[PDB]
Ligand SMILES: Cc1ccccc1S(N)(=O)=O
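Only one chain is shown below, in structure tokens, and it's the form deposited without the ligand.
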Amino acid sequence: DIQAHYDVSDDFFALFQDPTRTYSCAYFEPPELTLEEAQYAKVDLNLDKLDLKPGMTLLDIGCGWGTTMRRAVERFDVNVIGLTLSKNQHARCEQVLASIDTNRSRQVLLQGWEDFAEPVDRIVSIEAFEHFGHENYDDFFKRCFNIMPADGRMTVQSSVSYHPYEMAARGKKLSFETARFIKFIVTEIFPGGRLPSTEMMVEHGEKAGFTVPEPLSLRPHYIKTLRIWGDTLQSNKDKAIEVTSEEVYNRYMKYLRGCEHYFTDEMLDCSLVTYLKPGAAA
């Protein structure tokens, strides 16, 4: 109920996101890409790590509006299974996947990874991990390990914080201030969320039996992403307030400007972590 109060219509998000409605870090490689092109570049950055071969099945955990799954089918000629908890995203994904000219299997399930136990070749998860909760991390990596073959690979892209000990080292004043903003994100933007640390993402993966190379930082790309999101929301103030309220407009400008600030101050990061099964190709 208190959390439900923070429910926001998809129409609001459309007033600050690119036409694909991607609600995650873009990849500005090369630097001159538009937000929309950078969102396709981020999908490619993830898929290009997964050693995907024709006829494999890719699981997308938190499949959004289906952009990742569509690009995987079109680029790699693979079957796809998407998991989402959003009825609207589910509806859109079925139609996105049905639209694709292919013989490959395309499936979208209105459920979480907890209830998913089908064999898959590869797994991608782009900024859903912040919504799982710390106590679920061992079950998540065990599930992911067990449903993949000997050459399995997974990418998880997640916003991350630092252990309070690490935060204290970079200024106490800045340490408490960051913790408070994180509390705001996890209360008002992603209610019930939890930012993991990169160390947590890595060590939970290793405990489950994965090889974990050095994670890729997307920090500078998230700064560019949040700058464009904030500037776009600000340019649509009138329409955003009209579609929601002044409260919600102020909340999301605080979020977007705030994240840009703490990413620039290197008190937040965004990690793309690769998880390799022992039999993964070299």
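Shifts are known only where both forms have a C-alpha. Definition used throughout: the rigid core is the maximal C-alpha set that superposes within 1.5 Å between two forms. Note that residue numbering follows the sequence shown and begins at 1.
Trainee: Mean CA B-factor: is it higher for 236 to 244 or for 24 to 32?
Mentor: Comparing averages over the C-alpha atoms only gives 236 to 244.
Trainee: Highest mean C-alpha temperature factor of the two stretches 5 to 13 and 269 to 277, which is it?
Mentor: 5 to 13 has the higher mean C-alpha B-factor.
Trainee: Of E203, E135, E127, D121, which one's C-alpha B factor is largest in the deposited record?
Mentor: Within the set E203, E135, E127, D121, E135 shows the top C-alpha B-factor.
Trainee: Out of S161, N103, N146, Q157, which shows the largest CA B-factor listed in the entry?
Mentor: Comparing C-alpha B-factors across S161, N103, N146, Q157, the top value belongs to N103.
Trainee: Going by the entry, which third of its chain does the Cα temperature factor of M253 land in?
Mentor: As the PDB entry reports it, the C-alpha B-factor of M253 lands in the highest third of its chain.
Trainee: Quick check for you: using the entry's CA B-factors within this chain, is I182 in the lowest, middle or highest third?
Mentor: Middle third.
Trainee: Can you work out whether the C-alpha temperature factor of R170 puts it in the lowest, middle or highest third of the chain?
Mentor: Answer is highest: the recorded C-alpha B-factor places it there.
Trainee: Quick check on the deposited entry: does the C-alpha B-factor of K42 sit in the lowest, middle or highest third of its chain?
Mentor: Lowest third - that is where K42 ends up once the chain's C-alpha B-factors are sorted.
Trainee: Would you please rank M56 by its C-alpha temperature factor against the other modelled residues of its chain and give the third it falls in: lowest, middle or highest?
Mentor: Middle third by C-alpha B-factor.
Omitted here: the form solved in complex with the ligand. The next part is about that form.
Trainee: Taking the ligand in the entry with it bound and overlaying it onto this form via the surrounding C-alphas, would you call the pocket open or blocked, using 3+ ligand atoms within 2.4 Å of backbone or C-beta atoms as the cut?
Mentor: After C-alpha superposition the pocket is blocked.
Trainee: Find the only residue in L195, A179, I147, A168 having a heavy atom within 4.5 Å of the ligand in the entry with it bound.
Mentor: Contact residue from the list: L195.
Trainee: Considering the ligand in the entry with it bound, which of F210, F132, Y162, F76 comes within 4.5 Å of it through any heavy atom?
Mentor: When the ligand is considered in the entry with it bound, the option within 4.5 Å is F132.
Trainee: Using a 4.5 angstroms cut-off on non-hydrogen atoms, would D121 count as touching the ligand in the entry with it bound?
Mentor: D121: no contact with the ligand in the entry with it bound.
Trainee: If you check in the entry with it bound, is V186 within 4.5 Å of the ligand, heavy atoms only?
Mentor: Result yes; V186 sits at the interface with the ligand in the entry with it bound.
Trainee: Check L97 for me: does it contact the ligand in the entry with it bound (non-hydrogen atoms, 4.5 angstroms)?
Mentor: No, no contact at 4.5 Å.
Trainee: Whether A128 contacts the ligand in the entry with it bound should be assessed with a 4.5 Å heavy atom distance threshold; does it?
Mentor: Residue-level check for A128: yes, a contact with the ligand.
Trainee: Since the chain is shown here on its own, which stretch among 99 to 107, 147 to 155, 195 to 203, 170 to 178 would lie within 4.5 Å of the ligand in the entry with it bound, judged by heavy atoms?
Mentor: The contacting stretch here is 195 to 203.
Trainee: Please find the residue from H131, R104, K207, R75 showing a Cα shift of 2 angstroms or more between this form and the one not shown, rigid core superposed.
Mentor: If I go through the list carefully, the shifting residue is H131.
Trainee: With a change of at least 3 Å, which way does the C-alpha separation between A169 and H134 go in the entry with it bound: closer or farther?
Mentor: Between the C-alphas of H134 and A169, the gap widens in the entry with it bound (3 Å or more compared with this form).
Trainee: Distance change of 3 Å or more between the C-alpha atoms of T178 and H131 in the entry with it bound: closer or farther compared with this structure?
Mentor: More distant in the entry with it bound, by 3 Å or more.
Trainee: Lining up the core, where do at least three residues in a row all have CA moves of 2 Å or more between this form and the one not shown?
Mentor: 129 to 135 is the lone stretch that moves between this form and the one not shown.
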